[PDB]
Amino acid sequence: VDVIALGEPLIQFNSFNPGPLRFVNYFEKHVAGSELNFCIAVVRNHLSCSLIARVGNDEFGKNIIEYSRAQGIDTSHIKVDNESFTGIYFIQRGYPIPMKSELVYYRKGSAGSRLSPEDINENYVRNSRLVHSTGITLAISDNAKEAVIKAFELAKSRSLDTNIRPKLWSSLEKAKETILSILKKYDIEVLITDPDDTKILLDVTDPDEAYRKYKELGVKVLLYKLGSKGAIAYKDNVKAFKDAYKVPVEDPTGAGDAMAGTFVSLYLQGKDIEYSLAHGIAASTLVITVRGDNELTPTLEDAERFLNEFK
């Protein structure tokens, strides 16, 4: 398998319309979770991809495996854990801030949080080209964090999305220290991050300076996401910038995962950072126009159409 990702796949319940949850009557279900979204993007760009994860022995767990399998993700290492349930979350859209979303989690002690070093086979990780994970997975439990540590130790190369969700951590200091410690211990082939997380991690928001400090920690490629201002990629003292496109925002949740999975799978295939980046911007632009995270993540050929035709 080309890419192994470790994480907790989740069921998302997206409010049918904007406003505080107490006034929403209908909820539309999607399959999501940061690494799962990433994996969808990897397969859409024609690399094989496996999600190492746990789900509950329940309908929602089975929904995750079947969906993933439908979309071409290798599910052989998604373990069913009878001891706990499949984690979920709700999205409150556009309140109190228009065009922004807020997540309400029901994932404490979930099957997914029970991801552990025992799930990480040494031969299997070593046969892959790259291992990916995120700061969500580092947050969910000590054993999931240790699973990432073990996979990263065994990996040929690594990618990490910082993805700091302060609600998942006892403190920002803990987030900071946990993520910095991974960056300091391992070379990171592609780091995906943004000004918010980098302020926490490095006390830096400036893109060029971010690259300089992350490069000093052993990061080869920096993908620096700027939201509605676009994104920047850096490799070997070369910068590429691509501006965002103006579209109506339904739900931005998962836009960075579409970008990151697209960027990383194209980069792995030998595409330059300019092309990988423009495709990542294309992927993000499509996903935010709708409620789900990953259904509109384009294939490489569809993303090329987007870039050649969309103005």
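Residue numbers here begin at 1 and follow the sequence given.
J.: I need to verify one thing: averaged over C-alpha atoms only, is the B-factor higher for 116-124 or for 225-233?
T.: Stretch with the higher mean C-alpha B-factor: 116-124.
J.: Looking only at CA atoms, which has the higher mean B factor in the entry: 149-157 or 103-111?
T.: The recorded data point to 149-157.
J.: Going by the entry, which of 269, 63, 284, 37 has the most elevated CA B factor?
T.: Comparing C-alpha B-factors across 269, 63, 284, 37, the top value belongs to 269.
J.: From 164, 138, 73, 80, pick the one with the largest CA B-factor in the entry?
T.: Across 164, 138, 73, 80, the entry lists the biggest C-alpha B-factor for 80.
J.: What third of its chain, lowest, middle or highest, does the C-alpha temperature factor of residue 297 fall into?
T.: For residue 297, whose C-alpha B-factor we compare with every modelled residue in the chain, the answer is the lowest third.
J.: When the modelled residues of the chain are sorted by Cα temperature factor, does residue 251 land in the lowest, middle or highest third?
T.: Middle third.
J.: Can you tell me which third, lowest, middle or highest, the CA B-factor of residue 48 falls into for its chain?
T.: Top third by C-alpha B-factor.
J.: Could you say whether, by C-alpha temperature factor, residue 90 belongs to the lowest, middle or highest third of its chain?
T.: It belongs to the lowest third of the chain when residues are ordered by C-alpha B-factor.
J.: How does residue 132 rank on Cα B-factor within its chain, lowest, middle or highest third?
T.: Its C-alpha B-factor, which the entry lists for residue 132, ranks in the lowest third among residues of this chain.
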